[PDB]
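Chains as they are written, first to last, in my numbering: chain A, 1 to 265; chain B, 266 to 532; chain C, 533 to 929; chain D, 930 to 1326.
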């Protein structure tokens, strides 16, 4: 019927298959300087308790391309993130994207403005090259800092970029500009937590704001930081320490489809 | 709002009791025959009068049946797909409905390394992409070949070739070694969790062929598989929009998307 | 009210033993009684009316004594008797109604009518013939803290409540499992249902449990147990617990295995039964527990094969069933039953005179809501009013 | 029954009302009373003992009488008396013991102990010295069917239960929203916890509720209501509702507003109070309903701002809490209390001699399961053994 969240359940105080996907960047498979590692890692995971057929490696060329439509492939998804001293923002955008679940609608910029419902609303724009120009309106629907029917007047907020999590003031409409042939934009809201994906930042200084509100920028126990000099040491740091990690995650939050955000065609 | 546990829910049985988006998949040949533009706004205004708002009707186009196979997207609130029949592509339409009439939680695998066993009648191997040519070799429990040899790509047995999408299964209870080029398509170990009630299929031409699941002993003609004839596509469209009330009547909101399943499995 | 039963049974003896031709000694104990009442009844003024549509009636008694020299009765003597017998019957009926048409949270074990309240004191204690019916004797034995018990046949002790519970479900309703019960009157019928035929169950066993609390305790209870459910055995449609939608149910019956009847008192399994249908005996119990399981049959023939598919699109629904009906009881507090008019008598007298319902008994004396909040105050009130009704029933022909 | 109380209080007055010296008048009544008690008790063979491990004991009585004409009491008198005095003490303690472990499923108002059942014969009903103490008084009034009751300091009436109602939750456990409550003896401490701080609820306000059904009707009791729960205000780790893991809970308190307490009887409101704290009164009730609310404050301050966002990551959950303690009450049904040694003596006797156990009681007179399934027949048995226990508490410890 409805799974019945409308009759409470009362226990007491006196009563007491498996999958794992492992994401990694490409320069790791470079520094390995081998070609048959997957087998050995499998055997080791077997030692720790996982049956042959549960250690899956997915690979992305870079933090940029992996942005396009992130993929969920396991009930446990751990992702390795190579640090940048100059690309940190996009890193935090990736974390804010996949760590949480989004509920997104498609945006046809042709015939309507848009407005956001509450503070939980944002715009996820994805693609290989995404140029997002904007400008807001007034009470009588007039361009400001922009001539509403002239494009070069629009405000360049992210240029030919790859992943953007736009947030705009709530209660004010806006006109948009996008070359849709090379990108997509989606109007969504943040639903809440996920417990399937975790990120290990190789190197880095724990720069991760998964909030749009500034007054907070915390870290749940799902963002782990590790220092590194050669990848094999880090793979061992992971595989020798799977247990704490699993005790952090909680499998039940797997979603059926493969897309990171719920779509409403 | 305990989204956690299936709790007992209770109701009486003798007491009195008692928008959203619609979309339209259609193949090209219709539009080709049409040779017009306004038919889009035509259908939308007809629906409008029928009782759905504007901004609520959509239409997507797939060049060919075999084409639409490429990891299709069904993310609309109520999806009605029309399919042109073919006396040559039976497995196509059937597997099409299967992957579409149901939803599958499904893991990936790295074929370069691993061996596999499939648990039950609901765990299948789904190959999708451009073109697959997949080859299987069972193993003796001692890592020795049977009907094949682990070291050559043609001792294996063929079960498909350059097809658009395949649902393959083996004898549940034996390991297996698989060969097919990851480049030309990808394979996934998937599992049909249940029937999907968000999509309906209309056969144009042909007859009742579709088999909504693998076992031969079952091939139910559920109320979720409809059938009409044709001589001009306009009759088809006008029928569909006529009884669209009854179509959506046999439909129900995607359970996996409703707020009632924050954590069981979503979408 | 003790005096009331006295008057009542005496007037009944009068109507039943004073007829023409009978020998005097055969009504001796009769006459020496009735005239004694005339000794205490004369010159006494009584008032009734002043509550409900009970009209105001003022009662004085001046009828003389009956003859004692006559050996074999004739028409004249019996007619002269009946002349005042009818008057006495009317008066006692009216005071009976009076005690019926009021309740009280202030203990209902005391008289409630000013008439009987006055009649209570020593100036009338000389009114008694005997007690021969269960109601007045039970009243006496209860106000003295002795053994007490009423014998009932086919009594209502289960608040009629037709509902169901869900353990496995979803909106589409093509995978369900749970149990539907109904305790109507003395008739319990329970049925466990499954859609998957235990295809996911550990070793093809699904458990089912049912609990019912009795509103009062029974002892030495005779009950009959029947191995199916003669009510939940046909295709039907049932609402949801939220009334939004409506789901299907096409039942096909199996035979339940390891049926388990536990008649429990305070947590100790008093009477135990494993698969004993027919009549059974529960010497003392107040809670009922019914336990069983759906077992998937191990070996299957072609018809049975198609019905229960290992596959997911299901057709039929498996169901275990059980039925129970109580046929008599000895109990410590009065309950309605299939052999009484007392509930009927009290409903009738209330409904004749449009009495505004008070703060204890439910509106219009609806039985289920009545038994729902069965309170010690209520039980005292109800035993009082049913003793009243028995007084009435032993006189109205 | 009451004959036993006569025995006990007579022997008390023997041990004490007689000391060396007094004038004959002061105890003349008692001396005559005791001489008659003596001439009574003799001449009837008794066997006492033989259940569990209590040894069979033969008893006969033969003793001279007491000085009937005296001026001033002398030590020879008390010396002659104390021997048979203590002998009677021993025998009546044996009576108490032999009585206070018997079982009876359907009875418990008449004797069930061999020498006792012999002794309630009318042939001894010449020893009824005086019935002046709570339990014997309530007994001899329950015989004559009036309003009765006991007054209790700290009545142990609410069955101990540690259970928690859940109204919003998910198997990740980061947005709990529910209520916990603990019950023991005379006190009930409740708290309602919100992770969200009513940030998504309608009108910046959220509700918490609690229902407590008693098992017997109280009256005229004192309720100390203190609006700050203590037992639910600290970091806790509690196990899940069905059990696969545990979960955490770190509350913080705010002061409640718009609280409502109601004591209802039989589905009818009897006492209703709004935001009043301290001491309140109960007159006629058996059901407690508590309903209160938590508000997100209209304006905040720095720490308050860091602790209550709208965001997902919550780390300081908030709570509200109430404490309701019944301190003194008056009731009909007998309840074990914390002002005497009665239940303690009962349990000590039961342990002392290894009684055969049956469902007439929960095994061991452990109070929890008993009041859980409080049954009037069990209540009768309990009242009997309790009065006899109190009788014992007048003679020997």
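We put the CB at the ideal spot given by N, CA and C, even for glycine.
Asked                                                                                                                                : Found
Whether residue 716/C touches residue 613/C by CB criterion (8 Å)                                                                    : no
Residue 683/C, enclosing beta strand (DSSP E) - first and last residue                                                               : 682 to 684
Proximity test, Cβ basis, 8 Å: residue 1094/D and chain A                                                                            : yes
Interfacial residues, the stretch 373 to 400 of chain B to chain A, with Cβ spacing under 9 Å                                        : 373, 374, 375, 377, 378, 379, 380, 381, 382, 384
Beta-carbon separation (whole angstroms), residue 380/B vs residue 52/A, contact threshold 8 Å                                       : 6 Å
Cross-strand partners of residue 133/A (DSSP beta bridge)                                                                            : 156/A, 177/A
Residues near residue 415/B by beta carbon distance below 7 Å, same chain, minus five either side                                    : 402, 442
Length at least 3, wholly inside the stretch 1000 to 1030 of chain D: the beta strand (DSSP E) runs in chain order                   : none
Cβ distance (whole Å) where residue 814/C is taken to contact residue 753/C below 8 Å                                                : 5 Å
The stretch 233 to 261 of chain A: positions lying closer than 8 Å to chain D by Cβ                                                  : 250, 252, 253
Three-state secondary structure assigned by DSSP to residue 162/A                                                                    : strand
is_contact[residue 359/B, chain C] using C-beta, thresh 8 Å                                                                          : no
Minimum Cβ-Cβ distance from residue 483/B to chain C less than 8 Å                                                                   : yes
Residue 356/B: first and last residue of the uninterrupted alpha helix (DSSP H) it sits in                                           : 355 to 366
Any 3 or more C-beta pairs closer than 8 Å across the stretch 385 to 399 of chain B and the stretch 434 to 449 of chain B            : yes
At least three beta-carbon pairs within less than 8 Å, the stretch 553 to 564 of chain C to the stretch 668 to 680 of chain C        : no
Chain-ordered chain B contacts of residue 18/A [CB-CB under 8 Å]                                                                     : The contacting residues do not exist; residue 18/A stays about 10 Å from chain B at best.
Expected contact under 8 Å - CB spacing of residue 647/C and residue 580/C to nearest Å                                              : 6 Å
Contiguous beta strand (DSSP E) assignments of at least 3 residues, all confined to the stretch 1190 to 1234 of chain D              : 1197 to 1203, 1207 to 1211, 1214 to 1224
N- and C-terminal bounds of the alpha helix (DSSP H) containing residue 1305/D                                                       : 1305 to 1321
Residue 975/D versus residue 991/D: straight-line alpha-carbon distance, rounded                                                     : 13 Å
Proximity to residue 210/A [Cα-Cα], best of 173/A, 218/A, 152/A                                                                      : 218/A
Supposed contact pair residue 1208/D and residue 1152/D - C-beta distance, whole angstroms, cut 8 Å                                  : 7 Å
Local Cβ density within 10 Å of residue 1170/D, reported as buried at 16 or more and exposed below that                              : buried
DSSP bridge partner residues for residue 326/B (one or two, in chain order)                                                          : 291/B
Listed by chain order, chain C residues near residue 1298/D by CB distance under 9 Å                                                 : 798, 799
Extent of the continuous alpha helix (DSSP H) to which residue 945/D belongs                                                         : 931 to 946
C-beta neighbour in chain B for residue 264/A, strict 8 Å                                                                            : yes
Inter-stretch contact at 8 Å, needing at least 3 Cβ pairs: the stretch 734 to 752 of chain C / the stretch 761 to 776 of chain C     : no
Contact with chain A by residue 268/B, beta-carbon distance below 8 Å                                                                : yes
Cβ-based burial, residue 602/C [other Cβ within 10 Å; buried from 16]                                                                : exposed
Where the alpha helix (DSSP H) containing residue 882/C begins and where it ends                                                     : 874 to 884
Best match in 1001/D, 967/D, 986/D for proximity to residue 949/D [C-alpha to C-alpha]                                               : 1001/D
Any 3 or more C-beta pairs closer than 8 Å across the stretch 911 to 918 of chain C and the stretch 521 to 532 of chain B            : no
Touching by the beta-carbon criterion (3+ pairs, under 8 Å), the stretch 268 to 287 of chain B and the stretch 458 to 470 of chain B : no
Contact test: residue 1197/D Cβ vs the ligand COA heavy atom, cutoff 7 Å                                                             : No copy of the ligand COA occurs in the structure displayed, which carries no ligand at all.
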